[PDB]
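Q: As input, take coords.tsv (TSV, C-alpha atoms):
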chain	number	residue	atom	x	y	z
B	1	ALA	CA	246.32	-125.39	30.62
B	2	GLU	CA	247.63	-122.17	32.17
B	3	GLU	CA	251.10	-120.56	32.01
B	4	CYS	CA	253.09	-118.05	34.06
B	5	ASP	CA	256.01	-116.10	32.61
B	6	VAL	CA	257.08	-114.49	35.89
B	7	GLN	CA	260.66	-115.10	36.95
B	8	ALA	CA	260.43	-116.72	40.38
B	9	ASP	CA	262.09	-118.91	42.98
B	10	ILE	CA	259.36	-121.39	43.89
B	11	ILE	CA	259.43	-123.52	47.04
B	12	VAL	CA	256.88	-126.29	47.54
B	13	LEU	CA	256.26	-127.30	51.14
B	14	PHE	CA	255.29	-130.94	50.81
B	15	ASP	CA	253.53	-132.76	53.68
B	16	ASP	CA	255.01	-136.23	54.21
B	17	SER	CA	253.09	-137.27	57.33
B	18	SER	CA	251.98	-140.90	57.80
B	19	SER	CA	248.35	-139.77	57.66
B	20	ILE	CA	248.91	-139.29	53.90
B	21	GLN	CA	249.95	-142.90	53.26
B	22	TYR	CA	247.46	-144.36	55.71
B	23	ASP	CA	244.63	-142.65	53.82
B	24	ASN	CA	245.74	-143.98	50.43
B	25	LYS	CA	248.73	-145.78	48.90
B	26	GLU	CA	248.63	-143.54	45.82
B	27	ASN	CA	248.29	-140.16	47.55
B	28	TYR	CA	252.01	-139.34	47.32
B	29	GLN	CA	252.09	-139.97	43.55
B	30	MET	CA	249.10	-137.66	43.09
B	31	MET	CA	250.88	-134.96	45.12
B	32	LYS	CA	253.99	-135.59	43.03
B	33	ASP	CA	252.15	-135.29	39.70
B	34	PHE	CA	250.50	-132.08	40.88
B	35	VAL	CA	253.92	-130.61	41.68
B	36	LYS	CA	255.32	-131.69	38.30
B	37	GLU	CA	252.40	-129.96	36.55
B	38	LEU	CA	253.28	-126.78	38.45
B	39	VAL	CA	256.80	-127.01	37.07
B	40	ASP	CA	255.54	-127.40	33.50
B	41	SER	CA	253.47	-124.26	34.04
B	42	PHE	CA	256.39	-121.84	34.53
B	43	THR	CA	257.82	-120.93	31.15
B	44	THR	CA	261.12	-119.56	32.51
B	45	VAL	CA	262.03	-122.62	34.60
B	46	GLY	CA	264.94	-124.02	32.58
B	47	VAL	CA	266.34	-120.85	31.03
B	48	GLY	CA	265.58	-118.13	34.75
B	49	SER	CA	263.17	-119.56	37.30
B	50	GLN	CA	264.07	-122.14	39.93
B	51	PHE	CA	262.21	-124.78	41.90
B	52	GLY	CA	262.80	-126.33	45.31
B	53	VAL	CA	260.96	-128.92	47.35
B	54	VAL	CA	260.92	-129.25	51.11
B	55	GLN	CA	259.34	-132.19	52.96
B	56	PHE	CA	257.69	-131.64	56.36
B	57	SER	CA	255.82	-133.68	58.95
B	58	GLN	CA	258.00	-134.74	61.84
B	59	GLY	CA	260.81	-132.26	61.27
B	60	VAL	CA	261.84	-131.06	57.82
B	61	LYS	CA	263.89	-132.50	54.98
B	62	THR	CA	264.89	-130.49	51.94
B	63	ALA	CA	264.27	-132.78	48.98
B	64	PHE	CA	266.30	-130.43	46.80
B	65	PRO	CA	267.39	-126.76	46.78
B	66	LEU	CA	266.54	-124.10	44.18
B	67	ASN	CA	269.99	-124.49	42.62
B	68	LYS	CA	270.21	-128.27	42.27
B	69	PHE	CA	268.44	-128.74	38.94
B	70	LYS	CA	268.42	-126.57	35.83
B	71	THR	CA	265.80	-128.16	33.56
B	72	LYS	CA	262.13	-129.01	33.96
B	73	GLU	CA	262.82	-132.70	33.35
B	74	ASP	CA	265.57	-132.86	35.97
B	75	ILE	CA	263.31	-131.05	38.45
B	76	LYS	CA	260.45	-133.39	37.61
B	77	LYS	CA	262.69	-136.42	38.12
B	78	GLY	CA	263.77	-134.87	41.39
B	79	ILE	CA	260.15	-134.71	42.50
B	80	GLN	CA	259.59	-138.29	41.46
B	81	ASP	CA	262.68	-139.50	43.33
B	82	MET	CA	261.53	-138.00	46.63
B	83	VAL	CA	261.07	-140.43	49.51
B	84	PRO	CA	258.33	-139.37	51.92
B	85	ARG	CA	259.38	-140.08	55.50
B	86	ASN	CA	255.85	-140.63	56.82
B	87	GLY	CA	256.40	-138.62	59.98
B	88	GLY	CA	254.13	-138.87	63.02
B	89	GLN	CA	253.60	-135.10	63.39
B	90	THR	CA	252.53	-132.19	61.17
B	91	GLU	CA	254.92	-129.33	61.79
B	92	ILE	CA	253.75	-126.59	59.43
B	93	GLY	CA	255.42	-123.74	61.31
B	94	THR	CA	258.70	-125.66	61.44
B	95	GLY	CA	258.48	-126.18	57.67
B	96	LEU	CA	257.88	-122.44	57.15
B	97	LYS	CA	260.73	-121.52	59.48
B	98	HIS	CA	263.00	-123.85	57.50
B	99	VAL	CA	261.87	-122.25	54.26
B	100	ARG	CA	262.72	-118.69	55.27
B	101	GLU	CA	266.00	-119.66	56.99
B	102	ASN	CA	267.41	-122.01	54.35
B	103	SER	CA	265.34	-122.49	51.22
B	104	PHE	CA	265.62	-118.88	49.92
B	105	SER	CA	269.18	-118.37	51.20
B	106	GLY	CA	271.99	-117.57	48.80
B	107	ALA	CA	273.47	-120.92	49.80
B	108	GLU	CA	270.53	-122.78	48.25
B	109	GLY	CA	270.29	-120.53	45.17
B	110	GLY	CA	267.93	-117.82	46.37
B	111	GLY	CA	268.34	-114.10	46.90
B	112	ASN	CA	268.19	-112.72	43.37
B	113	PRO	CA	266.21	-109.42	43.51
B	114	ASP	CA	264.79	-109.92	39.99
B	115	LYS	CA	262.97	-113.00	41.24
B	116	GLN	CA	259.70	-113.14	43.12
B	117	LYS	CA	259.65	-115.59	46.02
B	118	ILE	CA	256.73	-118.00	46.14
B	119	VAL	CA	255.90	-120.78	48.57
B	120	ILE	CA	253.16	-123.32	47.97
B	121	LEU	CA	252.19	-125.34	51.04
B	122	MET	CA	250.35	-128.67	50.81
B	123	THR	CA	248.84	-130.31	53.87
B	124	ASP	CA	246.15	-132.81	54.81
B	125	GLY	CA	246.13	-131.57	58.36
B	126	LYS	CA	246.52	-128.90	60.99
B	127	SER	CA	249.85	-128.03	62.56
B	128	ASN	CA	250.11	-130.14	65.74
B	129	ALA	CA	253.71	-129.65	66.79
B	130	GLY	CA	256.75	-127.43	66.56
B	131	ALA	CA	257.16	-123.74	65.83
B	132	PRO	CA	253.74	-122.05	65.82
B	133	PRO	CA	253.03	-121.41	62.10
B	134	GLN	CA	251.29	-118.07	62.48
B	135	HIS	CA	254.48	-116.33	63.66
B	136	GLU	CA	256.69	-118.08	61.11
B	137	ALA	CA	254.33	-117.24	58.23
B	138	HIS	CA	254.51	-113.62	59.39
B	139	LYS	CA	258.30	-113.51	59.33
B	140	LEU	CA	258.37	-115.30	56.01
B	141	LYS	CA	255.91	-112.98	54.31
B	142	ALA	CA	257.78	-109.97	55.72
B	143	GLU	CA	260.77	-111.06	53.62
B	144	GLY	CA	258.78	-110.54	50.42
B	145	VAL	CA	257.39	-114.04	50.05
B	146	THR	CA	254.03	-114.94	48.52
B	147	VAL	CA	252.39	-117.84	50.36
B	148	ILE	CA	249.75	-120.08	48.80
B	149	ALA	CA	248.20	-122.78	50.99
B	150	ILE	CA	246.42	-125.96	49.85
B	151	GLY	CA	244.25	-128.00	52.20
B	152	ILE	CA	243.30	-131.54	51.23
B	153	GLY	CA	240.54	-133.53	52.93
B	154	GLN	CA	239.07	-132.63	56.32
B	155	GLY	CA	241.91	-132.88	58.86
B	156	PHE	CA	243.32	-129.40	58.23
B	157	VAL	CA	241.80	-126.20	59.59
B	158	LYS	CA	241.00	-123.54	57.01
B	159	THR	CA	241.38	-120.65	59.46
B	160	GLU	CA	244.99	-121.69	60.18
B	161	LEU	CA	245.80	-121.74	56.46
B	162	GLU	CA	244.18	-118.32	56.13
B	163	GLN	CA	246.54	-116.82	58.72
B	164	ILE	CA	249.46	-118.45	56.89
B	165	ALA	CA	248.70	-117.53	53.28
B	166	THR	CA	249.30	-114.07	51.79
B	167	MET	CA	245.54	-113.42	51.74
B	168	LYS	CA	242.41	-115.51	52.31
B	169	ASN	CA	241.92	-116.19	48.60
B	170	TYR	CA	245.41	-117.71	48.46
B	171	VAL	CA	243.95	-120.61	50.42
B	172	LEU	CA	242.68	-123.43	48.25
B	173	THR	CA	240.95	-126.58	49.41
B	174	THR	CA	239.83	-129.90	47.97
B	175	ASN	CA	238.21	-133.03	49.42
B	176	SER	CA	240.72	-135.57	48.13
B	177	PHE	CA	244.19	-135.93	46.60
B	178	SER	CA	242.38	-137.35	43.57
B	179	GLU	CA	240.95	-133.89	42.95
B	180	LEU	CA	244.17	-131.95	43.66
B	181	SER	CA	244.54	-131.30	39.94
B	182	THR	CA	241.31	-129.30	39.77
B	183	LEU	CA	243.30	-126.58	41.54
B	184	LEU	CA	246.18	-126.34	39.08
B	185	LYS	CA	244.81	-123.30	37.28
B	186	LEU	CA	243.93	-121.48	40.51
B	187	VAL	CA	247.37	-122.05	42.05
B	188	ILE	CA	249.13	-120.79	38.92
B	189	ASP	CA	246.92	-117.68	38.78
B	190	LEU	CA	247.80	-116.95	42.40
B	191	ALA	CA	251.51	-117.65	41.87
B	192	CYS	CA	251.49	-115.36	38.85
B	193	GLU	CA	249.75	-112.57	40.73
B	194	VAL	CA	252.20	-109.75	41.30
B	195	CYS	CA	251.44	-107.28	44.06
B	196	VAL	CA	253.49	-104.12	44.43
B	197	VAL	CA	253.27	-100.99	46.57
B	198	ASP	CA	252.37	-98.24	44.09
B	199	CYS	CA	250.76	-94.99	45.21
B	200	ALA	CA	250.65	-93.77	41.58
B	201	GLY	CA	248.82	-96.68	40.05
B	202	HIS	CA	245.22	-96.66	38.97
B	203	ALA	CA	243.07	-97.64	41.96
B	204	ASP	CA	239.59	-97.21	43.45
B	205	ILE	CA	239.68	-96.59	47.19
B	206	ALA	CA	236.60	-96.74	49.41
B	207	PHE	CA	236.63	-95.53	53.00
B	208	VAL	CA	233.90	-97.28	54.96
B	209	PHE	CA	233.97	-95.45	58.25
B	210	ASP	CA	232.04	-95.40	61.51
B	211	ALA	CA	229.69	-92.43	61.98
B	212	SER	CA	228.23	-93.45	65.35
B	213	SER	CA	227.53	-91.01	68.20
B	214	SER	CA	229.94	-93.13	70.26
B	215	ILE	CA	233.01	-91.60	68.61
B	216	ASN	CA	232.68	-88.13	70.14
B	217	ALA	CA	230.89	-89.39	73.27
B	218	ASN	CA	233.79	-88.69	75.63
B	219	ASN	CA	235.94	-86.47	73.41
B	220	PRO	CA	234.62	-84.07	70.74
B	221	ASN	CA	237.85	-84.19	68.72
B	222	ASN	CA	237.71	-87.90	67.89
B	223	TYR	CA	235.63	-87.55	64.72
B	224	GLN	CA	237.94	-84.86	63.34
B	225	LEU	CA	241.01	-87.02	64.03
B	226	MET	CA	239.40	-89.87	62.09
B	227	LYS	CA	238.78	-87.47	59.22
B	228	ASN	CA	242.38	-86.18	59.27
B	229	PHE	CA	243.53	-89.80	59.13
B	230	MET	CA	241.54	-90.33	55.94
B	231	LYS	CA	242.66	-86.98	54.51
B	232	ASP	CA	246.28	-87.89	55.25
B	233	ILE	CA	245.85	-91.15	53.34
B	234	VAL	CA	244.47	-89.31	50.33
B	235	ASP	CA	247.54	-87.01	50.31
B	236	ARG	CA	249.89	-89.99	49.87
B	237	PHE	CA	248.51	-90.81	46.45
B	238	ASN	CA	250.23	-89.21	43.48
B	239	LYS	CA	247.19	-88.28	41.43
B	240	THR	CA	243.46	-88.46	41.98
B	241	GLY	CA	240.60	-88.82	39.52
B	242	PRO	CA	239.92	-90.95	36.43
B	243	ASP	CA	243.61	-90.85	35.52
B	244	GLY	CA	244.83	-91.99	38.94
B	245	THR	CA	243.34	-92.82	42.32
B	246	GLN	CA	239.61	-92.48	42.75
B	247	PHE	CA	238.16	-92.16	46.23
B	248	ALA	CA	234.82	-92.88	47.86
B	249	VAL	CA	233.28	-92.63	51.31
B	250	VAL	CA	230.63	-94.80	52.94
B	251	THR	CA	229.69	-94.15	56.55
B	252	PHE	CA	227.69	-96.44	58.81
B	253	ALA	CA	225.72	-96.08	62.03
B	254	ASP	CA	222.49	-98.00	62.51
B	255	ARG	CA	222.59	-98.24	58.72
B	256	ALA	CA	224.91	-97.13	55.88
B	257	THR	CA	225.09	-94.09	53.63
B	258	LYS	CA	227.16	-93.38	50.56
B	259	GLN	CA	228.51	-89.89	51.06
B	260	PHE	CA	230.37	-89.81	47.77
B	261	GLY	CA	231.12	-92.25	45.00
B	262	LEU	CA	234.35	-92.72	43.03
B	263	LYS	CA	233.27	-90.36	40.22
B	264	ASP	CA	232.21	-87.35	42.28
B	265	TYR	CA	235.72	-85.90	42.62
B	266	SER	CA	238.98	-85.70	40.73
B	267	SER	CA	240.94	-83.30	42.96
B	268	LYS	CA	242.49	-83.92	46.36
B	269	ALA	CA	241.22	-80.55	47.48
B	270	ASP	CA	237.63	-81.64	46.73
B	271	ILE	CA	238.01	-85.15	48.09
B	272	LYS	CA	239.43	-83.82	51.36
B	273	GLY	CA	236.89	-81.01	51.52
B	274	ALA	CA	234.25	-83.70	50.98
B	275	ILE	CA	235.61	-85.82	53.81
B	276	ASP	CA	235.48	-82.86	56.18
B	277	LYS	CA	231.76	-82.23	55.55
B	278	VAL	CA	230.92	-85.73	56.80
B	279	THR	CA	228.99	-85.59	60.07
B	280	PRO	CA	228.31	-88.19	62.81
B	281	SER	CA	224.91	-89.77	63.37
B	282	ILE	CA	223.05	-89.18	66.63
B	283	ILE	CA	222.55	-92.96	66.78
B	284	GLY	CA	225.05	-95.11	68.67
B	285	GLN	CA	225.32	-98.19	66.47
B	286	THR	CA	228.01	-99.59	64.17
B	287	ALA	CA	226.57	-101.36	61.14
B	288	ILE	CA	229.84	-102.65	59.72
B	289	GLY	CA	227.90	-105.10	57.54
B	290	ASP	CA	225.72	-102.41	56.00
B	291	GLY	CA	228.84	-100.34	55.33
B	292	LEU	CA	230.43	-103.19	53.41
B	293	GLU	CA	227.16	-103.96	51.57
B	294	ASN	CA	226.84	-100.33	50.52
B	295	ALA	CA	230.40	-100.23	49.14
B	296	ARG	CA	229.70	-103.45	47.24
B	297	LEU	CA	226.38	-102.37	45.73
B	298	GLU	CA	226.82	-98.61	45.44
B	299	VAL	CA	230.54	-97.83	45.11
B	300	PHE	CA	232.21	-100.60	43.10
B	301	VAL	CA	241.67	-101.33	38.38
B	302	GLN	CA	242.77	-102.23	41.90
B	303	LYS	CA	239.99	-101.99	44.48
B	304	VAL	CA	240.61	-101.36	48.17
B	305	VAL	CA	238.36	-100.93	51.19
B	306	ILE	CA	239.64	-99.33	54.35
B	307	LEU	CA	237.14	-99.92	57.16
B	308	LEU	CA	237.24	-98.22	60.56
B	309	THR	CA	235.01	-99.02	63.52
B	310	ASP	CA	234.78	-98.32	67.26
B	311	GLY	CA	231.92	-100.78	67.83
B	312	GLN	CA	230.72	-104.31	67.10
B	313	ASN	CA	228.34	-105.16	64.27
B	314	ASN	CA	224.64	-104.58	64.93
B	315	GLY	CA	223.79	-107.62	62.82
B	316	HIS	CA	221.62	-105.95	60.18
B	317	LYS	CA	224.06	-107.34	57.58
B	318	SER	CA	226.74	-110.00	57.95
B	319	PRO	CA	230.29	-108.60	57.92
B	320	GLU	CA	231.65	-112.02	56.95
B	321	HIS	CA	229.27	-112.47	54.07
B	322	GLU	CA	229.62	-108.96	52.66
B	323	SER	CA	233.43	-108.96	52.94
B	324	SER	CA	233.49	-112.40	51.30
B	325	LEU	CA	231.51	-111.07	48.30
B	326	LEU	CA	233.83	-108.05	48.03
B	327	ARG	CA	237.03	-110.12	48.20
B	328	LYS	CA	235.77	-112.47	45.50
B	329	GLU	CA	235.48	-109.46	43.18
B	330	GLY	CA	239.12	-108.65	43.93
B	331	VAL	CA	238.71	-106.02	46.66
B	332	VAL	CA	241.51	-105.86	49.21
B	333	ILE	CA	240.06	-105.10	52.63
B	334	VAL	CA	241.92	-103.36	55.43
B	335	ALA	CA	240.28	-103.29	58.85
B	336	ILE	CA	240.90	-100.89	61.71
B	337	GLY	CA	239.46	-100.85	65.21
B	338	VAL	CA	239.77	-97.91	67.59
B	339	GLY	CA	239.10	-98.08	71.33
B	340	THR	CA	237.76	-101.01	73.36
B	341	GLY	CA	234.29	-101.15	71.83
B	342	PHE	CA	235.10	-103.10	68.66
B	343	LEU	CA	235.58	-106.87	68.32
B	344	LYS	CA	238.88	-107.96	66.74
B	345	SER	CA	237.21	-111.14	65.51
B	346	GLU	CA	235.01	-109.04	63.23
B	347	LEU	CA	238.05	-107.15	61.92
B	348	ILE	CA	239.71	-110.46	61.09
B	349	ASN	CA	236.59	-111.79	59.41
B	350	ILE	CA	236.31	-108.87	56.99
B	351	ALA	CA	240.01	-108.22	56.30
B	352	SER	CA	241.77	-109.90	53.35
B	353	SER	CA	244.36	-111.04	55.85
B	354	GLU	CA	244.89	-110.79	59.59
B	355	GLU	CA	248.05	-108.87	58.71
B	356	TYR	CA	245.73	-106.14	57.36
B	357	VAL	CA	244.05	-105.74	60.72
B	358	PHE	CA	245.06	-102.79	62.90
B	359	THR	CA	244.00	-101.67	66.36
B	360	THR	CA	244.65	-98.59	68.45
B	361	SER	CA	243.59	-97.62	71.97
B	362	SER	CA	242.40	-94.19	70.87
B	363	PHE	CA	241.90	-91.85	67.92
B	364	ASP	CA	244.99	-89.70	68.59
B	365	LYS	CA	247.15	-92.81	68.11
B	366	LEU	CA	246.04	-93.46	64.50
B	367	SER	CA	249.45	-91.97	63.56
B	368	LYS	CA	251.05	-95.20	64.77
B	369	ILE	CA	249.41	-97.28	62.00
B	370	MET	CA	249.49	-94.63	59.28
B	371	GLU	CA	252.53	-95.96	57.37
B	372	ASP	CA	251.45	-99.60	57.45
B	373	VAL	CA	247.91	-98.67	56.36
B	374	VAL	CA	249.19	-96.53	53.48
B	375	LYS	CA	251.42	-99.36	52.24
B	376	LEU	CA	248.31	-101.54	52.00
B	377	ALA	CA	246.12	-98.73	50.61
B	378	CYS	CA	248.68	-98.29	47.79
B	379	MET	CA	248.90	-102.03	47.13
B	380	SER	CA	248.50	-102.82	43.44
B	381	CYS	CA	248.12	-106.40	42.24
B	382	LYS	CA	248.13	-107.58	38.64
B	383	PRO	CA	247.33	-111.06	37.26
B	384	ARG	CA	250.00	-112.23	34.80
B	385	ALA	CA	248.85	-115.81	34.29
B	386	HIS	CA	247.58	-116.60	30.79
B	387	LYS	CA	246.34	-119.58	28.75
Rewrite the structure of this file - the entire thing - as structure tokens.

A:
Amino acid sequence: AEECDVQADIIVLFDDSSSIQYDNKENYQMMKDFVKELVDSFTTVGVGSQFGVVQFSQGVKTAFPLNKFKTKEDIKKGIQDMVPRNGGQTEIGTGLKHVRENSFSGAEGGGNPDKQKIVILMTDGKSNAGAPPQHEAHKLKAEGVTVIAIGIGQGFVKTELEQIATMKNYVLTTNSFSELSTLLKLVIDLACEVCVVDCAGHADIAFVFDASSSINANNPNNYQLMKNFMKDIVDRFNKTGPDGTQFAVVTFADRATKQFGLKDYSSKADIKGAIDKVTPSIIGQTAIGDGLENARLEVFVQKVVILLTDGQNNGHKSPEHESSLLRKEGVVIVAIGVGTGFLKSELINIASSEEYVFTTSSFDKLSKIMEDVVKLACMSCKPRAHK
């Protein structure tokens, strides 16, 4: 049994499509019990955290708003009293649109700046009608909302949930509603994770950057611009070294090479001087997978990888596999492609979220993504859940 003390407004997006009831008469009660357990898990619900439930399938019905109930037992009875509509569609995006437009509005009891906003989506299927969910998830998350997504059975698509959730690891799956409850701990840990932009926190930052001969192939200033980009990112951190932000550099061409580890340098002057000594390979290959492997085995507090490539993977190592191993150790991965030689699919595969993927037509336009990349580079997440 796991608890979360964070003050939050929590909205559960509850699938009430007919496919749920067709599959099993008791599925809704299992979903209900799961939601009630979530309520029991937040220690400040009833003091002060709030809870809201929104039904979605064909259209959306708010079961109750954040401000309706004021005790765990009243909220739990509210959940029990819900009537699923058994709709003939699964409109995830429409549910998410509803949530950002109404469910967190002052009118329904939301808006308090002391409170973190959390949405937990449950679905046995893939969105098949209505507002496209990818856009609506984007808008929603922009407003400071954490999104956790739960997929049950086989009729959903995991990639869709991954674009919706805050990050890939905020997507949880299970084979049946019977097993839903094996996710309770995991959902709470995610809900109780607090991520903040802090460029003065303790963090370990690895640049995994392209060193192919392609970069300066038709412009000898490209490599230097890539280096200035990195240098500029370093400058945005308050303090470097064991007492602040530690930096590392891995470069990849046909293979990958650790240029410096996290403990080599404690000064920005030395870190930036180090970056500037990095030289391109004479080989035109982009071993993104080897780069990620190297960071995992040789480099690795908050951990971040910022990867930059102008080419597609050479296949010596699997970007998907190596990024998966890194993310499972808590590394946040940001992925950047420059030019027309990279494949955006590979960026999406390695990034912790498609929102952390950036692309630019050329190296002199890296300035355009600077601020967004720094915000992510300074991201600092802390688990607050506890037994």

Q: What does the distance between atom CA of residue 263 of chain B and atom CA of residue 202 of chain B come to in Å, to one decimal place?

A: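 Spanning atom CA of residue 263 of chain B to atom CA of residue 202 of chain B is a straight-line distance of 13.6 Å.
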
Q: Could you give me, as a PyMOL selection string, the residues within 9 Å of residue 196 of chain B, counting all atoms listed in the file and dropping anything in the same chain fewer than 3 positions from it?

A: chain B and resi 378-382

Q: Using all atoms listed in the file, which of the listed residues (B:226, B:283, B:121, B:205) sits closest to residue 301 of chain B?

A: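 That would be B:205, the residue with the smallest distance to residue 301 of chain B.
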
Q: Residues of segment 292-320 of chain B within 10 Å of segment 346-362 of chain B: nearest atom pair and distance (Å, one decimal) for each, counting all atoms listed in the file, sorted by chain and number, as CSV?

A:
residue,atom,partner,partner_atom,distance
B:292,CA,B:350,CA,8.9
B:305,CA,B:351,CA,9.1
B:306,CA,B:351,CA,9.1
B:307,CA,B:347,CA,8.7
B:308,CA,B:347,CA,9.1
B:309,CA,B:347,CA,8.8
B:310,CA,B:362,CA,9.4
B:311,CA,B:346,CA,9.9
B:312,CA,B:346,CA,7.5
B:313,CA,B:346,CA,7.8
B:318,CA,B:350,CA,9.7
B:319,CA,B:350,CA,6.1
B:320,CA,B:349,CA,5.5

Q: Could you take the residues named above and write them with C-alpha atoms, as an mmCIF file, keeping the file's coordinate frame?

A:
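As a result, out_36.cif now contains:
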data_model
loop_
_atom_site.group_PDB
_atom_site.id
_atom_site.type_symbol
_atom_site.label_atom_id
_atom_site.label_comp_id
_atom_site.auth_asym_id
_atom_site.auth_seq_id
_atom_site.Cartn_x
_atom_site.Cartn_y
_atom_site.Cartn_z
ATOM 1 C CA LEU B 292 230.430 -103.190 53.410
ATOM 2 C CA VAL B 305 238.360 -100.930 51.190
ATOM 3 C CA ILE B 306 239.640 -99.330 54.350
ATOM 4 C CA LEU B 307 237.140 -99.920 57.160
ATOM 5 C CA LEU B 308 237.240 -98.220 60.560
ATOM 6 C CA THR B 309 235.010 -99.020 63.520
ATOM 7 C CA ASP B 310 234.780 -98.320 67.260
ATOM 8 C CA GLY B 311 231.920 -100.780 67.830
ATOM 9 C CA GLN B 312 230.720 -104.310 67.100
ATOM 10 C CA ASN B 313 228.340 -105.160 64.270
ATOM 11 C CA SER B 318 226.740 -110.000 57.950
ATOM 12 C CA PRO B 319 230.290 -108.600 57.920
ATOM 13 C CA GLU B 320 231.650 -112.020 56.950
#

Q: Counting all atoms listed in the file, what is within 8 Å of segment 163-174 of chain B, bar same-chain residues fewer than 6 positions away, as an mmCIF file with C-alpha atoms, keeping the file's coordinate frame?

A:
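selection.cif written:
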data_model
loop_
_atom_site.group_PDB
_atom_site.id
_atom_site.type_symbol
_atom_site.label_atom_id
_atom_site.label_comp_id
_atom_site.auth_asym_id
_atom_site.auth_seq_id
_atom_site.Cartn_x
_atom_site.Cartn_y
_atom_site.Cartn_z
ATOM 1 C CA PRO B 133 253.030 -121.410 62.100
ATOM 2 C CA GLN B 134 251.290 -118.070 62.480
ATOM 3 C CA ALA B 137 254.330 -117.240 58.230
ATOM 4 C CA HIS B 138 254.510 -113.620 59.390
ATOM 5 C CA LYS B 141 255.910 -112.980 54.310
ATOM 6 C CA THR B 146 254.030 -114.940 48.520
ATOM 7 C CA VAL B 147 252.390 -117.840 50.360
ATOM 8 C CA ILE B 148 249.750 -120.080 48.800
ATOM 9 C CA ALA B 149 248.200 -122.780 50.990
ATOM 10 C CA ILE B 150 246.420 -125.960 49.850
ATOM 11 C CA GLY B 151 244.250 -128.000 52.200
ATOM 12 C CA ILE B 152 243.300 -131.540 51.230
ATOM 13 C CA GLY B 153 240.540 -133.530 52.930
ATOM 14 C CA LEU B 180 244.170 -131.950 43.660
ATOM 15 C CA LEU B 183 243.300 -126.580 41.540
ATOM 16 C CA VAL B 187 247.370 -122.050 42.050
ATOM 17 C CA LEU B 190 247.800 -116.950 42.400
ATOM 18 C CA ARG B 327 237.030 -110.120 48.200
ATOM 19 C CA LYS B 328 235.770 -112.470 45.500
ATOM 20 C CA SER B 352 241.770 -109.900 53.350
ATOM 21 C CA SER B 353 244.360 -111.040 55.850
ATOM 22 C CA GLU B 354 244.890 -110.790 59.590
#

Q: Using only C-alpha atoms, find the one residue out of B:363, B:223, B:265, B:207 that sits nearest to residue 244 of chain B.

A: B:265

Q: Taking all atoms listed in the file into account, which of B:228, B:218, B:176, B:257 comes nearest residue 24 of chain B?

A: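 Looking only at the distances to residue 24 of chain B, the closest residue turns out to be B:176.
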